[PDB]
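The block underneath contains the structure these notes are about, expressed in structure tokens.
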Amino acid sequence: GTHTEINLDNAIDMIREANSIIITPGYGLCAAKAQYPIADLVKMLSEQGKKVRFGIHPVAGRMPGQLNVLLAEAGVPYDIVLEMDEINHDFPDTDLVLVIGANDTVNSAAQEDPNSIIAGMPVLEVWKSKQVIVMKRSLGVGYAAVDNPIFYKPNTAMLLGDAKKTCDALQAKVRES
Ligand SMILES: NC(=O)c1ccc[n+]([C@@H]2O[C@H](COP(=O)([O-])OP(=O)(O)OC[C@H]3O[C@@H](n4cnc5c(N)ncnc54)[C@H](OP(=O)(O)O)[C@@H]3O)[C@@H](O)[C@H]2O)c1
């Protein structure tokens, strides 16, 4: 089949091996209320000395600034939350990107296909990192109703499930130490 599926233990080993992690959150994160386990995951991984930051697209979510507000409300410190144009240049130097409920905001067809409906629209360049894990329930579309090439790239693994079920489980496995 055209994409790669991984399990939770594969994801934990990828996190463990990464020094630098960027989370790119989208609508799926807050649809699932996954902000709460994620804020604890990030605190634990930061305590293990990893560089853990968020890269948030200005149009992520369904309301302006929605991911920024909900992550702040959940306790994520403002100093590790960056704007797209502040963080995009770092993706080639990033060991692991966690795409959590984002799709349109990380869709490479905006740069790779000049005849795409989203051609020319700015995106987060997550496919330039060493390893991408996409957390969503299916191989299906987001708001713009288009396919996303990053799901079939060789450095992408799909971690399929509801975002809060997955992140609760990853929080538990990291808490194991
Ligand atoms: N921010 C705004 O104010 C605003 C306003 C108007 C339009 N928009 C548009 O909406 C989009 C925002 O980009 P985005 O990357 O945040 O999101 P998105 O590209 O619309 O994709 C969110 C996708 O999240 C997954 N998802 C939904 N519920 C989930 C759950 N419970 N667990 C796991 N995954 C879940 C769905 O895939 P599955 O069904 O496979 O899980 C979903 O594809 C852009 O096209 C933007 O232009 C934003």
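Chain labels follow the order of the structure tokens: the first chain is A, the next B, and so on; residue numbering restarts at 1 in every chain, and ligands are counted from 1 in their shown order.
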
Query - Within 7 Å of ligand 1 (only C-alpha atoms and all ligand atoms), residues as JSON, numbers by chain - result: {"A": [25, 26, 27, 28, 29, 31, 32, 58, 59, 60, 61, 62, 63, 64, 65, 66, 101, 102, 103, 104, 105, 106, 135, 136, 137, 138, 139, 140, 141, 142, 143, 144, 161, 162, 163, 164]}

Written file, previous selection with N, CA and C atoms, as a short mmCIF file (atom, residue, chain, number, x, y, z; two decimals), in the first residue's frame:
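Produced file selection-v8.cif, reproduced below:
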data_model
loop_
_atom_site.label_atom_id
_atom_site.label_comp_id
_atom_site.auth_asym_id
_atom_site.auth_seq_id
_atom_site.Cartn_x
_atom_site.Cartn_y
_atom_site.Cartn_z
N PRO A 25 0.56 21.75 14.87
CA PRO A 25 -0.81 21.40 15.25
C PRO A 25 -1.79 21.97 14.25
N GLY A 26 -2.91 21.26 14.07
CA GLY A 26 -3.98 21.75 13.24
C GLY A 26 -5.34 21.44 13.86
N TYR A 27 -6.38 21.63 13.05
CA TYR A 27 -7.73 21.46 13.57
C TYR A 27 -7.95 20.12 14.26
N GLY A 28 -7.41 19.03 13.79
CA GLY A 28 -7.64 17.74 14.41
C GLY A 28 -7.22 17.64 15.85
N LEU A 29 -6.19 18.39 16.23
CA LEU A 29 -5.72 18.42 17.62
C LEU A 29 -6.82 18.93 18.54
N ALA A 31 -10.03 19.45 17.77
CA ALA A 31 -11.25 18.66 17.64
C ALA A 31 -11.27 17.54 18.68
N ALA A 32 -10.11 16.95 18.96
CA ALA A 32 -10.02 15.81 19.85
C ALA A 32 -9.73 16.21 21.30
N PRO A 58 -0.55 30.45 10.42
CA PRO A 58 -1.56 31.48 10.77
C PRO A 58 -3.01 31.07 10.52
N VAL A 59 -3.29 30.13 9.60
CA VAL A 59 -4.66 29.68 9.36
C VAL A 59 -4.95 28.28 9.89
N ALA A 60 -4.13 27.75 10.79
CA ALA A 60 -4.38 26.47 11.41
C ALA A 60 -5.71 26.54 12.14
N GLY A 61 -6.42 25.42 12.18
CA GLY A 61 -7.68 25.40 12.90
C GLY A 61 -8.86 25.91 12.10
N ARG A 62 -9.89 26.36 12.82
CA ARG A 62 -11.13 26.84 12.18
C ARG A 62 -11.49 28.25 12.65
N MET A 63 -10.71 28.85 13.53
CA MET A 63 -10.88 30.23 14.00
C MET A 63 -9.48 30.87 14.05
N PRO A 64 -9.41 32.17 13.87
CA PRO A 64 -8.10 32.80 13.78
C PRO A 64 -7.33 32.65 15.10
N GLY A 65 -6.15 32.03 15.07
CA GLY A 65 -5.38 31.88 16.30
C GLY A 65 -5.89 30.77 17.20
N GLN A 66 -6.81 29.95 16.75
CA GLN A 66 -7.40 28.91 17.59
C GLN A 66 -6.39 27.99 18.22
N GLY A 101 -3.04 16.54 13.70
CA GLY A 101 -4.28 17.09 13.26
C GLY A 101 -4.14 18.22 12.22
N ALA A 102 -2.96 18.38 11.61
CA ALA A 102 -2.76 19.37 10.55
C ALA A 102 -2.73 18.65 9.20
N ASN A 103 -3.08 19.33 8.12
CA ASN A 103 -3.09 18.69 6.80
C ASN A 103 -2.87 19.75 5.75
N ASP A 104 -3.89 20.61 5.54
CA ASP A 104 -3.74 21.69 4.57
C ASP A 104 -2.53 22.57 4.85
N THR A 105 -2.23 22.80 6.13
CA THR A 105 -1.17 23.73 6.53
C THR A 105 0.21 23.11 6.34
N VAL A 106 0.27 21.82 5.99
CA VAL A 106 1.55 21.10 5.80
C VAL A 106 1.54 20.36 4.47
N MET A 135 -0.38 12.31 12.57
CA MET A 135 -1.41 11.78 13.48
C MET A 135 -2.74 12.35 13.03
N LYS A 136 -3.59 11.47 12.50
CA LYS A 136 -4.96 11.78 12.06
C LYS A 136 -5.66 10.43 11.97
N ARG A 137 -6.96 10.41 11.69
CA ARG A 137 -7.68 9.13 11.77
C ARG A 137 -7.58 8.30 10.48
N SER A 138 -7.37 8.93 9.34
CA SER A 138 -7.42 8.27 8.05
C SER A 138 -6.43 8.89 7.06
N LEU A 139 -6.45 8.44 5.82
CA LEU A 139 -5.69 9.05 4.73
C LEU A 139 -6.50 10.15 4.07
N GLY A 140 -7.60 10.60 4.68
CA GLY A 140 -8.49 11.55 4.05
C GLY A 140 -8.15 13.02 4.10
N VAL A 141 -8.96 13.84 3.42
CA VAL A 141 -8.69 15.25 3.24
C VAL A 141 -8.96 16.12 4.46
N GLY A 142 -8.51 17.36 4.32
CA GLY A 142 -8.82 18.41 5.30
C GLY A 142 -9.80 19.41 4.70
N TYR A 143 -9.82 20.64 5.22
CA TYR A 143 -10.74 21.65 4.77
C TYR A 143 -10.76 21.87 3.26
N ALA A 144 -9.57 21.93 2.65
CA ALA A 144 -9.51 22.28 1.22
C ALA A 144 -9.89 21.14 0.30
N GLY A 161 -5.22 7.26 14.19
CA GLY A 161 -6.12 7.19 15.33
C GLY A 161 -6.64 8.59 15.65
N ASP A 162 -7.66 8.62 16.52
CA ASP A 162 -8.12 9.88 17.12
C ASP A 162 -6.93 10.56 17.81
N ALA A 163 -6.79 11.87 17.69
CA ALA A 163 -5.56 12.52 18.19
C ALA A 163 -5.43 12.43 19.71
N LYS A 164 -6.54 12.46 20.43
CA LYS A 164 -6.38 12.40 21.91
C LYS A 164 -6.09 10.97 22.34
#

**Report entry** Test item, strand (DSSP E) assignment across stretch 11-162 of chain A, answer as a PyMOL selection string
**Finding:** chain A and resi 20-25+51-56+81-83+96-100+132-136+156-160

Saved selection, atoms kept: N, CA, C and O atoms, as a compact mmCIF listing (two decimals), in the first residue's frame:
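Produced file result.txt, reproduced below:
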# COMPACT_ATOMS: atom_id res chain seq x y z
N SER A 20 15.72 17.07 18.40
CA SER A 20 14.92 18.24 18.04
C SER A 20 13.58 17.73 17.49
O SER A 20 13.54 16.88 16.59
N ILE A 21 12.51 18.31 18.04
CA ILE A 21 11.14 17.94 17.66
C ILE A 21 10.35 19.20 17.40
O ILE A 21 10.38 20.12 18.23
N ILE A 22 9.61 19.23 16.27
CA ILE A 22 8.68 20.32 16.07
C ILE A 22 7.29 19.70 15.95
O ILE A 22 7.12 18.71 15.20
N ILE A 23 6.32 20.27 16.66
CA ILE A 23 4.93 19.85 16.52
C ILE A 23 4.21 20.89 15.69
O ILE A 23 4.26 22.09 16.01
N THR A 24 3.56 20.43 14.61
CA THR A 24 2.75 21.34 13.82
C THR A 24 1.28 20.97 14.05
O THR A 24 0.83 19.94 13.51
N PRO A 25 0.56 21.75 14.87
CA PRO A 25 -0.81 21.40 15.25
C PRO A 25 -1.79 21.97 14.25
O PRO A 25 -1.60 23.05 13.72
N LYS A 51 14.94 19.63 22.43
CA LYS A 51 14.43 20.89 21.94
C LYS A 51 13.06 20.62 21.32
O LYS A 51 13.01 20.00 20.26
N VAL A 52 12.02 21.05 22.01
CA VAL A 52 10.64 20.77 21.58
C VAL A 52 9.91 22.10 21.41
O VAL A 52 9.80 22.89 22.34
N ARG A 53 9.41 22.33 20.18
CA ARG A 53 8.75 23.58 19.88
C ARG A 53 7.51 23.30 19.03
O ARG A 53 7.42 22.24 18.41
N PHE A 54 6.60 24.26 19.03
CA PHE A 54 5.48 24.25 18.09
C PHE A 54 5.66 25.22 16.93
O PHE A 54 6.09 26.34 17.14
N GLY A 55 5.27 24.80 15.73
CA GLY A 55 5.24 25.66 14.54
C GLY A 55 3.80 25.75 14.09
O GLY A 55 3.25 24.74 13.69
N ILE A 56 3.21 26.94 14.23
CA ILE A 56 1.77 27.07 13.97
C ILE A 56 1.53 27.97 12.77
O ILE A 56 1.95 29.13 12.73
N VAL A 81 6.31 28.40 21.37
CA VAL A 81 5.33 28.44 20.30
C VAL A 81 5.72 29.52 19.29
O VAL A 81 5.78 30.71 19.61
N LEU A 82 6.03 29.06 18.07
CA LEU A 82 6.51 29.98 17.04
C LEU A 82 5.55 30.07 15.85
O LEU A 82 4.79 29.14 15.57
N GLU A 83 5.62 31.20 15.15
CA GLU A 83 4.88 31.38 13.91
C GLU A 83 5.55 30.65 12.75
O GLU A 83 6.76 30.42 12.75
N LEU A 96 12.64 15.29 14.06
CA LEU A 96 11.31 14.70 14.03
C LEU A 96 10.25 15.78 14.02
O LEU A 96 10.30 16.73 14.84
N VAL A 97 9.29 15.61 13.10
CA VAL A 97 8.13 16.48 13.10
C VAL A 97 6.89 15.66 13.44
O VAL A 97 6.69 14.65 12.79
N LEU A 98 6.15 16.14 14.45
CA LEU A 98 4.85 15.54 14.77
C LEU A 98 3.76 16.41 14.16
O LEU A 98 3.51 17.52 14.65
N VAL A 99 3.11 15.93 13.09
CA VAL A 99 2.00 16.63 12.47
C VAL A 99 0.75 16.17 13.22
O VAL A 99 0.41 14.99 13.08
N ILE A 100 0.14 17.00 14.04
CA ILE A 100 -0.94 16.51 14.90
C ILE A 100 -2.23 17.22 14.51
O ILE A 100 -2.50 18.37 14.83
N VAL A 132 8.89 12.37 9.62
CA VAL A 132 7.59 12.99 9.88
C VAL A 132 6.69 11.87 10.40
O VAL A 132 6.72 10.77 9.86
N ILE A 133 5.92 12.16 11.43
CA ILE A 133 4.84 11.30 11.88
C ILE A 133 3.53 12.11 11.76
O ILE A 133 3.47 13.22 12.32
N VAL A 134 2.57 11.60 10.98
CA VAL A 134 1.30 12.29 10.84
C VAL A 134 0.25 11.56 11.67
O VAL A 134 0.01 10.35 11.48
N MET A 135 -0.38 12.31 12.57
CA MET A 135 -1.41 11.78 13.48
C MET A 135 -2.74 12.35 13.03
O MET A 135 -2.98 13.56 13.17
N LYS A 136 -3.59 11.47 12.50
CA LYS A 136 -4.96 11.78 12.06
C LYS A 136 -5.66 10.43 11.97
O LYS A 136 -5.03 9.39 12.18
N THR A 156 7.81 9.81 5.70
CA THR A 156 6.59 9.96 6.49
C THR A 156 6.04 8.61 6.96
O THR A 156 5.95 7.70 6.11
N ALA A 157 5.68 8.59 8.25
CA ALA A 157 4.96 7.46 8.81
C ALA A 157 3.61 7.97 9.29
O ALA A 157 3.51 9.06 9.91
N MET A 158 2.55 7.21 9.03
CA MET A 158 1.22 7.53 9.52
C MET A 158 0.98 6.82 10.85
O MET A 158 1.16 5.57 10.92
N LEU A 159 0.59 7.58 11.86
CA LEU A 159 0.20 7.02 13.18
C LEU A 159 -1.30 7.24 13.30
O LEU A 159 -1.71 8.34 13.73
N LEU A 160 -2.08 6.25 12.84
CA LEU A 160 -3.50 6.53 12.63
C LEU A 160 -4.30 6.36 13.91
O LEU A 160 -4.14 5.38 14.65

**Report entry** Between atom CA of residue A:149 and atom CA of residue A:122, distance in Å (one decimal)
**Finding:**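 Atom CA of residue A:149 sits 15.4 Å away from atom CA of residue A:122.
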
Query - Distance criterion (only C-alpha atoms): nearest to residue A:78 out of A:115, A:173, A:57, A:39 - result: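 So, comparing all the options, the nearest one is A:39.
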